[PDB]
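Below is one structure, written out as structure tokens; the observations come after it.
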Amino acid sequence: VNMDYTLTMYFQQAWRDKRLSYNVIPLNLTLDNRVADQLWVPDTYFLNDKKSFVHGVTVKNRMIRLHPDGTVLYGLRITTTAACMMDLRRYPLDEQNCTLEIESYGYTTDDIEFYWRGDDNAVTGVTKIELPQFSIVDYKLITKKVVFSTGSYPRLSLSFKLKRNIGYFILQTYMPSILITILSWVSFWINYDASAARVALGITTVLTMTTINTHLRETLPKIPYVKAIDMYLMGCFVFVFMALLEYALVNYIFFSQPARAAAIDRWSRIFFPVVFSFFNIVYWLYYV
Amino acid sequence: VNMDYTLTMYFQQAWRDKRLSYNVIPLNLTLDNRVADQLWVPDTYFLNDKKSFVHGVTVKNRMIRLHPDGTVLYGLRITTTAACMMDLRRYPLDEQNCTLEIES
Amino acid sequence: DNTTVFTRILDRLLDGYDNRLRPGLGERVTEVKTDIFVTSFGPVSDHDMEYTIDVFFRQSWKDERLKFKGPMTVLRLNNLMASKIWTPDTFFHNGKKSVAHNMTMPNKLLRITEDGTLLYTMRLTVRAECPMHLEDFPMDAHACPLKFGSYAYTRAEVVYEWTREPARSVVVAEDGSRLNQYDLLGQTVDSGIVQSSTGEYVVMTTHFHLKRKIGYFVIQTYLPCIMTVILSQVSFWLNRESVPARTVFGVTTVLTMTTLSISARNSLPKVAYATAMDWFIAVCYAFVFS
Amino acid sequence: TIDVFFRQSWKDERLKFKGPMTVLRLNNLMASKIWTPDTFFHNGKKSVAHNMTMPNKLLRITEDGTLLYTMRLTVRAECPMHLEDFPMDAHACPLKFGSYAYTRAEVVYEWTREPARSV
Amino acid sequence: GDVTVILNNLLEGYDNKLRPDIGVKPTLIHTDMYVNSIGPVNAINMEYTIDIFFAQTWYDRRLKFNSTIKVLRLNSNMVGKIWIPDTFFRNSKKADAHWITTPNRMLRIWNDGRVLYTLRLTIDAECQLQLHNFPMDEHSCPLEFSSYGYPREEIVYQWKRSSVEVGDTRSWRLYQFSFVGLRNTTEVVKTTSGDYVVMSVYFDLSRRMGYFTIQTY
Amino acid sequence: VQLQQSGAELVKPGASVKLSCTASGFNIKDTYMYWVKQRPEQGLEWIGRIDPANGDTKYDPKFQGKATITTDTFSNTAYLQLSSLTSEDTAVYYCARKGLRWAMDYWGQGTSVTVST
Amino acid sequence: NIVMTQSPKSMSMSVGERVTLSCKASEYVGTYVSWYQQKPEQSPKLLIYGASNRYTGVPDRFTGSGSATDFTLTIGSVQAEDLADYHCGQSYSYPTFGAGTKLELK
Ligand SMILES: *[C@@H]1O[C@H](CO)[C@@H](O[C@@H]2O[C@H](CO)[C@@H](O[C@@H]3O[C@H](CO[C@H]4O[C@H](CO[C@H]5O[C@H](CO)[C@@H](O)[C@H](O)[C@@H]5O[C@H]5O[C@H](CO)[C@@H](O)[C@H](O)[C@@H]5O)[C@@H](O)[C@H](O[C@H]5O[C@H](CO)[C@@H](O)[C@H](O)[C@@H]5O)[C@@H]4O)[C@@H](O)[C@H](O[C@H]4O[C@H](CO)[C@@H](O)[C@H](O)[C@@H]4O[C@H]4O[C@H](CO)[C@@H](O)[C@H](O)[C@@H]4O[C@H]4O[C@H](CO)[C@@H](O)[C@H](O)[C@@H]4O)[C@@H]3O)[C@H](O)[C@H]2NC(C)=O)[C@H](O)[C@H]1NC(C)=O
Ligand SMILES: *[C@@H]1O[C@H](CO)[C@@H](O[C@@H]2O[C@H](CO)[C@@H](O[C@@H]3O[C@H](CO)[C@@H](O)[C@H](O)[C@@H]3O)[C@H](O)[C@H]2NC(C)=O)[C@H](O)[C@H]1NC(C)=O
Ligand SMILES: *[C@@H]1O[C@H](CO)[C@@H](O[C@@H]2O[C@H](CO)[C@@H](O[C@@H]3O[C@H](CO)[C@@H](O)[C@H](O)[C@@H]3O)[C@H](O)[C@H]2NC(C)=O)[C@H](O)[C@H]1NC(C)=O
Ligand SMILES: *[C@@H]1O[C@H](CO)[C@@H](O[C@@H]2O[C@H](CO)[C@@H](O)[C@H](O)[C@H]2NC(C)=O)[C@H](O)[C@H]1NC(C)=O
Ligand SMILES: *[C@@H]1O[C@H](CO)[C@@H](O)[C@H](O)[C@H]1NC(C)=O
Ligand SMILES: *[C@@H]1O[C@H](CO)[C@@H](O)[C@H](O)[C@H]1NC(C)=O
Ligand SMILES: CC(C)c1cccc(C(C)C)c1O
């Protein structure tokens, strides 16, 4: 709906400041985090960030650590909602690619350089992440430069590949639709002289398919293209509408030629499930 | 759904501070609210409150008033969401009891 | 030792400096050149009649009190320097609730050229009003404005101008489309004067031209209504003795039309006039009832 | 969600005093001038340190240099739930805390009473 | 230049904790409002949104200065250095000032000590609606303000002739309602801490019977 | 405040000419400098513009490759050099600066070059 | 490129009457249109900058009016020293000018 994702991380930046060098004390110095206010820190920002904060309980969750040669380690605990524009044409059988863009706001490549410390092991905890609807397939670290009217700036990119889990959607939208289509087929076994019963079956199934999407459409935003799930629902509607049209056809030739009526009834009995099986095979082969 | 209620109130506390006593001027001195940051005020809180704030438009909605005998009057305009767990067995024909606890 | 040299340059700059006064206060109108780089053009909320936009808002002006001569020609300073000097008090006239980003640090840059020129850019998320006339919904198009200018300074003190050619001054990144049911056709700019009880003020305007995309409402509304009408018409090919069957047909299609109208009236805000979609649903209901 | 009085106590021999009182009961304002631990919750999401009408904190210094530091907090914390037995399921929701910057060689935590009686 | 020495002289020995004429006579404050927009009317929470420019004028003879300059025109930078009246809105559920890109505030000081202070505000104000006759229901929604800590003996507010000004009214966010008109009033309310001058603006809003027609009738 | 252009020119075809424009009363870095041309008894036609603070230049697609604009920020001058001028390049060449609302408020005096024998 | 069409090509106004000169643009030019006056043997002088702004020191009889694509220069009292061509130019994009409008006197 919001085309974004929230992530919590420990974000550590290390650099060297010869001004902060000391040769009397031989041990590393973990300082009270407030001293960060009195030190220079790089003006790192996230371009696709919409809302962020450093955690403040019980104090501001930040670490400042000096070493004798002057290297500063500076850590923040950041929760950020970053924007991730998703392509939902294959939803819910889709894979997304969500990025975090780490940039320097004021300092160009003449003032500051960015690199991943470890350069592949710089990001930990990706395999220990349990998303209820997604599975992380891959993550990538990128080091590049961007150019704006004000100069060229260093940038790091952290991207995740997200494959959606379809079990919830099997239980939410697909199985009700399959069951309603089979319920629609049930009418082919009622005798064609019974008009109220077959009309009730057909009308109920057609209208239930036409209205079942309201339950599911709320989660999605207002996109102008057909998703995979909409494709499945429209196929089920076509099948149910064709079952009702078969009933109308049999009822139109019933008082004049009941032989062809029973022939069409048996043909429908055998062939509606066959072509629905073919439709499902084609659908799940095109998308899975 | 949340088992709480929102309450907006003028909350005033009055005490006596001998250090802030005067006789030169016979007036009650209403001062700019900033001076509250330089006086001792009691550490009053509400135990059953979930989210609160003092209003701040156009300035912070609070009052400090001095009295020649030393009486400090200290008011705050506070909106607080306070928890109220409800027994809903007789709902919708029910009576609820909702409290605000004021502690030091 | 550049540390002490540059610290002395900065302390010389800020010594005797009064940030309460604009540059050229007694003898010159402060010229502020501005440009906007939109990094993303966020979603449009027709319910709130507002839109989001993410911008590098760039301003530039001359301040002779900050002339320096040293081993470099431009100081790329921290954001904390900006609070010590005078900056323009630009605000968005039609802006509702905008955010200046502070993560990890204030998203601001200040640059001072040796001749006293100042470049001051900030990263903002501007939420702005866009009054939409939804009479042709969902085939409507809008021009969402963004108006900014000074709050305290009339035109005799501070004027605003586009830093480049007006047609090249508001630039939208090619990747920055967070729109879902709209297309950004383009932008236009303009400059003018408003009048209030406190004087005459320069106002700078941008219009972003949006065209609503119809796919969601075809998939969700128009196709169900058309198929309900077709189902209503199927009833004419049934035997005249099937009175319960055709009664079911008629009443279920009429109720389905009512359901679809009720559910389609929620995609819109609660406007007080009828839209193209409303007229289409009304005509479909007329067909089913007929 | 959980609402807690979170109490910490440590020894700072720099703060020993001798006077007519054995304990100084100071407001939240004094705790800002001294060193306090940087305790955070590991599975916390977005917590609140209540400050109405004043910061709901309390500092107390005993003459031997022992500090008691109490705060009122509202913590939202992650509880990963396995819902296979829903709605007949049971969970153990965790609340993990510790120091943000000081490693085991610098700051250790302990329960003030017997562990079974400390929460 | 010379404005710097004027500003330095005005703020020397200046106590912003004391209102002008603190033990002599009440401070008289003239108020103006410009309504940029009367926002949505939420009928389930009994409130309406409104955006305004709020202007206050008074006299502070500590700020009097003799110069060739007739009026000093300043931004927010000095608002916190002089005495400012503690005006607040009595029926606001929540309200906020504007801070993008800087505090949307303006100060002006004339040589006779006259001070004009303006700021942009967005207010959610409670409006108790009597929803009998809905959807043909008309209401008067109030906006009430007064000083928080200075009673009538210390601060008095007064509307100018040209006090409350609305704009085009077509770009507003009133979908279900139409703006009829407005009036102003001034009263004295007695509270637990004294008697206070209370200013009110009443906005008349009549519900539009075009949405509920299509939706229900 | 003042713009002063070079004297009239008499340039045989095929050669390359260079006209100058000296500014007095302002620094050219604080504005854009435009070069316009005007054929006798016709309208104005914009040749190019330069931003002296950065050296960035723009030209009409008509005069790209024919003309080249540069600046001297010390002498406070702008230069328009017409390298490959044909015989049809006989006009008065004006030097202007960007003004209040992107208007050309101050103009030069006009260097009328001649291309003949 | 934005073409500025100025009209008419020639006007002959007797001393004292009102005159209106028109300029149109093919594309949008918001208010960045300028009106210049050119007497013979002289360089253009900025009369109107933007739409409807009298440039400092020009006679108060000249007025400008404009739109997104339609602009007019009006001389309310055509005096004798207006023996000058008049030019219209847009500055919304890279500047382009009109063809000119020679004002005569019968
Ligand atoms: C419980 O805890 C809560 C959390 O801590 C606490 O809330 C906090 O309260 C404090 C104090 O009440 C708030 O601090 C004040 O904030 C005022 C502005 O508030 C709005 O803006 C802040 C964000 O502020 C940034 O933006 C403004 C304007 O752009 C800047 O002026 C700020 O400095 C600050 O800029 C930094 O951050 C930016 C990113 O945001 C960066 O880009 C930038 O570069 C800077 O780094 C919002 O957070 C506020 O939202 C909250 O409050 C509203 C209230 O309605 C709520 O509705 C909302 O939900 C939020 O809760 C709000 O929107 C400041 O104006 C104010 O500072 C002035 O006053 C103090 C006191 O005198 C001075 O010390 C200070 O120096 C300032 O005075 C100078 O500036 C004014 C102009 O504003 C001048 O007129 C004045 O003369 C003076 O100038 C002099 O000094 C200048 C130096 O500053 C100098 O430059 C001049 O030249 C001159 O010499 C104060 O900081 C804090 O924001 C609250 N935070 C939150 C999260 O609520 C709550 O109160 C506690 N409760 C209790 C009961 O205790
Ligand atoms: C945006 O981020 C910046 C930097 O992360 C924040 O600036 C910091 O603000 C705090 C609190 O206002 C400053 O601490 C203060 O220090 C003074 C002494 O200088 C002390 O008197 C106060 O009690 C308080 O502790 C801190 O120095 C300052 N740091 C820097 C580098 O400017 C800013 O507050 C953030 N804005 C928001 C709205 O969060
Ligand atoms: C998710 O999306 C991002 C964004 O497209 C993907 O990152 C892209 O990764 C490729 C290969 O890793 C990069 O291409 C490489 O560029 C370097 C530049 O030096 C070149 O040397 C290589 O030969 C290769 O072409 C590409 O630049 C990068 N995209 C951006 C915008 O930087 C990412 O692979 C996607 N998937 C995952 C799992 O992250
Ligand atoms: C706003 O309030 C002012 C002051 O109360 C009103 O001003 C009066 O205007 C009428 C004109 O209708 C004059 O006859 C009175 O003499 C004015 N009173 C004063 C004290 O000057 C004004 O009418 C109000 N505006 C409204 C109600 O819309
Ligand atoms: C400081 O830290 C570094 C890296 O963590 C380590 O190699 C070094 O031994 C430490 N110094 C001391 C004195 O422990
Ligand atoms: C001062 O305040 C007290 C509060 O009870 C009141 O009784 C008294 O009259 C006030 N004095 C003056 C001079 O208003
Ligand atoms: C809502 C959408 C996915 C949908 C589902 C089923 C049938 C239809 C039409 C073709 C009646 C339809 O538009």
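Residues 37-326, in that order, are what chain C shows, numbered as in Swiss-Prot.
Method reported for this entry: electron microscopy, 2.5 Å.
Every residue, even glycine, has its Cβ placed from backbone N, Cα and C.
Here's what Swiss-Prot has on this protein:
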- C:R94, C:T157: 4-aminobutanoate binding site (BINDING)
- C:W273: 3alpha-hydroxy-5alpha-pregnan-11,20-dione binding site (BINDING)
- C:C166-C:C180: disulfide bond (DISULFID)
- C:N38: N-linked glycosylation site (CARBOHYD)
- C:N138: N-linked glycosylation site (CARBOHYD)
- C:275-279: topological domain 'Cytoplasmic' (TOPO_DOM)
- C:302-311: topological domain 'Extracellular' (TOPO_DOM)
- C:254-274: transmembrane segment (TRANSMEM)
- C:280-301: transmembrane segment (TRANSMEM)
Of C:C166, C:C180 (the disulfide-bonded residues), the residue whose Cβ has the fewest other Cβ atoms within 10 Å:
C:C166
Close in space, distant in sequence - C:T157 (4-aminobutanoate binding site), Cβ under 8 Å, 6 or more apart:
C:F92, C:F93, C:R94, C:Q95, C:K144, C:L145
Are any of the recorded positions C:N38, C:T157, C:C166, C:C180, C:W273 near chain A, where near means a Cβ under 8 Å from a Cβ there, and if so which?
C:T157, C:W273
To which of the glycosylation sites C:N38, C:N138 does the lowest count of other Cβ atoms within 10 Å belong?
C:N38
Taking the Cα atoms as reference points, how far is C:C180 (disulfide bond) from C:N138 (N-linked glycosylation site) in Å?
27
A 10 Å Cβ contact count, applied to the binding-site residues C:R94, C:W273: which residue has the minimum?
C:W273
Outside the topological domain 'Cytoplasmic' (C:275-279), six or more residues from its ends: residues with CB under 8 Å to it:
none
Rounded distance in angstrom between the Cα atoms of C:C166 (disulfide bond) and C:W273 (3alpha-hydroxy-5alpha-pregnan-11,20-dione binding site)
50
How long is the line from the C-alpha of C:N38 (N-linked glycosylation site) to the C-alpha of C:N138 (N-linked glycosylation site), rounded to the nearest angstrom?
29
Where does C:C166 (disulfide bond) sit by DSSP, helix, strand or coil?
coil
Nearest-integer angstrom distance between the alpha carbons (Cα) of C:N138 (N-linked glycosylation site) and C:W273 (3alpha-hydroxy-5alpha-pregnan-11,20-dione binding site):
69
Taking only the recorded positions C:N38, C:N138, C:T157, C:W273, which have a CB closer than 6 angstroms to any atom that belongs to ligand 1?
C:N138
Mind checking which residues of the chain, 6+ beyond the ends of the topological domain 'Extracellular' (C:302-311), have their Cβ under 8 Å from one of its Cβ atoms?
82-83, 85, 170-174, 252-253, 256-257, 318
I want to verify one value. Collapsing DSSP to three states, which class is the residue listed as '3alpha-hydroxy-5alpha-pregnan-11,20-dione binding site'?
helix
For the topological domain 'Extracellular' (C:302-311), what does DSSP give as the number of helix, strand and coil residues?
0 helix, 0 strand, 10 coil
Three-class DSSP assignment, C:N38 (N-linked glycosylation site), comes back as helix
From C:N38, C:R94, C:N138, C:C166, C:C180, C:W273, which recorded positions have a C-beta atom under 6 Å away from some atom of ligand 2?
C:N138
